[PDB]
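This document opens with one chain alone, in structure tokens, the form deposited in one PDB entry.
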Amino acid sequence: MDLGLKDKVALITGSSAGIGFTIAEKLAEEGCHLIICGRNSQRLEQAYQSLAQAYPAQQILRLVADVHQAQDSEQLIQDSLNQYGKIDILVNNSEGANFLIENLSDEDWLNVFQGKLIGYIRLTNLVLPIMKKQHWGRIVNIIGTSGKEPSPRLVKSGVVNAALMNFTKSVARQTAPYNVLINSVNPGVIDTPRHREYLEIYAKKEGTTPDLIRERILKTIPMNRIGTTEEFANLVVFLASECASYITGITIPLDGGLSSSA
């Protein structure tokens, strides 16, 4: 399927590892030029070298930026514009809340809202005039199924994820006549560094092994397997495509059937 992405410019946030890195690879494969970013310079340079060596025909700009920070996010967009003169695609991908409700303080909630929640809203606001001006844009938000059905070990995430799903609908409605399409994808369980970190921290809290936490997860997923970042990236790349030109304002679970199992 020709996805019409040749020479499009994609900004993928949080793209030195996990879901974000594989999305960057797959967009480069379809002919996009990239902007990649992350907080840790060493990890970012490793990712940059991997992508540059794999897709030497594509332009790739790597920038150290914390996209929870206003200054870094504003400067990321300006650097991107200085390099490419346009941004066609934005993938919003950044870290959510950390791993009883009465015990969470105001500060705890405020740090949550000042992370991924305003992070995605801010970068959306920053790219909208760019994409509107050219009557072509795609924004894909990487959210999480907890926004739809919350999980006990994920309370703050669920609140943030619900908010972002609602935001997605409101902005989609406003930007639709400009051919600026905005969607979200809710990962189920996808095998990334963060997922494997979740396996360690909860095996300890629960006094068990990563393997047993994983067997318990696998029993909940109809497919009886944890998704790969490639499987996840395929949908994101489709939504970022010319082929997805009538799809906007929706949130799609990518979860091995987890939502059918609720």
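We call the rigid core whatever largest set of C-alpha positions still superposes within 1.5 Å between the two forms. Start at 1 with the first residue shown and count on from there.
Another form exists, deposited in another entry; not displayed. Remarks below refer to it.
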Can you tell me which of these residues, 122, 132, 148, 169, is the one whose C-alpha shifts by at least 2 angstroms between the shown form and the other one after a rigid core fit? 148
With a change of at least 3 Å, which way does the C-alpha separation between residue 170 and residue 148 go in the other entry: closer or farther? farther
Considering a change of 3 Å or more, are the Cα atoms of residue 182 and residue 149 closer or farther in the other entry than here? farther
